[PDB]
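These protein sequence lines map, in sequence, to chains A, C and B.
Mapped onto the entry's author numbering, the consecutive letters of the first sequence carry residue numbers 4 to 57, 100 to 135.
Mapped onto the entry's author numbering, the consecutive letters of the second sequence carry residue numbers 3 to 53, 100 to 137.
Mapped onto the entry's author numbering, the consecutive letters of the third sequence carry residue numbers 4 to 55, 101 to 137.
This report concerns only the one structure given below.
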Amino acid sequence: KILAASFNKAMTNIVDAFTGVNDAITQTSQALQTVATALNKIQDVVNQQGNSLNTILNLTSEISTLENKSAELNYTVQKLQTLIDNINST
Amino acid sequence: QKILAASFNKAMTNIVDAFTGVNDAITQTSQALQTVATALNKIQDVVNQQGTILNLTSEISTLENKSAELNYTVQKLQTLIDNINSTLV
Amino acid sequence: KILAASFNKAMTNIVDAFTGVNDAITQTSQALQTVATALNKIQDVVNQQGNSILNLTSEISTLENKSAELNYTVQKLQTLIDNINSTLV
């Protein structure tokens, strides 16, 4: 029964660790959204200064790629949570 | 007492699935970093033409290095996930 | 005893996998600081051409927060990783 006790201890820490990883993925999702936003504001001002100086700054796809990736990480966060719960049931 | 063997298998299954999702997450971050590096280049270029010189050369190159490291990580992880999956009894 | 051998193999690779993930998180943490730095430089220069208004102060401070937070996760995870490693029978 050294094995069964070791297994539950392992599973408990494996569950906590995937929970920690899940947070890092969350913080990364948010950091990525924050960047998308920064590119957004940059896109505005630089194009306004480009209009008062009268090259177009176009970051729309970079912006949308980043908000998509950010959403994708959220899917992962959800799918991971399901798996974490499953691990916890053993 | 072979509830323990049944528990071990389900656990390994979800751990394999869980590390696989985490690898998707890392892959998405790596590519996102390339997206940003691209974004920084465009910003650098456009701002210098409207013109202090905006120099993002080091940030851009740091970011593609980080992206390369993350990819290397994903490849290395993929092997380990399989090792884990072979342990089902 | 077949199960315990499988258990050890799994735990060993699970420990390796979490270490690979921890590298990824570390690399991501550092990339975010780099992003924050670049956004800072963009702000200065863009605001400087603006006087001859771009506000990114909070995003920069957000990204440096996430970056610090990511490091706290890694260091906590290493404690959990060792716990996993101690279970080897």
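The beta-carbon is built from N, C-alpha and C at its ideal position, and this holds for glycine as well.
| query | result |
| --- | --- |
| Examine the Cβ distances between the segment 112-126 of chain C and the segment 111-128 of chain B and report whether three or more of them are shorter than 8 Å. | no |
| Buried or exposed: where does A:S32 fall if 16 or more other Cβ atoms within 10 Å of its Cβ makes it buried? | buried |
| Compare the C-beta of C:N43 against all C-beta atoms of chain B and say whether one is closer than 8 Å. | no |
| Could you tell me which chain B residues have their CB closer than 7 Å to the CB of A:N16, listed as they occur along the chain? | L128, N131, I132 |
| Would you list, in chain order, the members of the segment 101-130 of chain C that have their beta-carbon closer than 7 Å to a beta-carbon of chain A? | none |
| With a threshold of 16 other CB atoms inside 10 Å of the CB of C:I108, please say whether the residue is buried or exposed. | buried |
| Less than 8 Å between the C-beta atoms of C:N131 and B:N11, yes or no? | no |
| By the three-class DSSP mapping on this structure, what secondary structure does B:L35 have? | helix |
| Would B:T121 pass as a contact of A:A27 if the rule is Cβ separation under 8 Å? | yes |
| Buried or exposed: A:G23, going by 16 or more other Cβ atoms within 10 Å of its Cβ? | buried |
| For B:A20, count the other beta carbons within 10 Å of its own beta carbon; 16 or more makes it buried, fewer makes it exposed. Which is it? | buried |
| Consult DSSP for C:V48 and reduce its assignment to one of helix, strand or coil. | helix |
| Could you please tell me which residues of the segment 24-38 of chain C, in chain order, have their CB closer than 7 Å to any CB of chain B? | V24, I28, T31, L35, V38 |
| Reducing DSSP to helix, strand and coil, say where A:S134 ends up. | coil |
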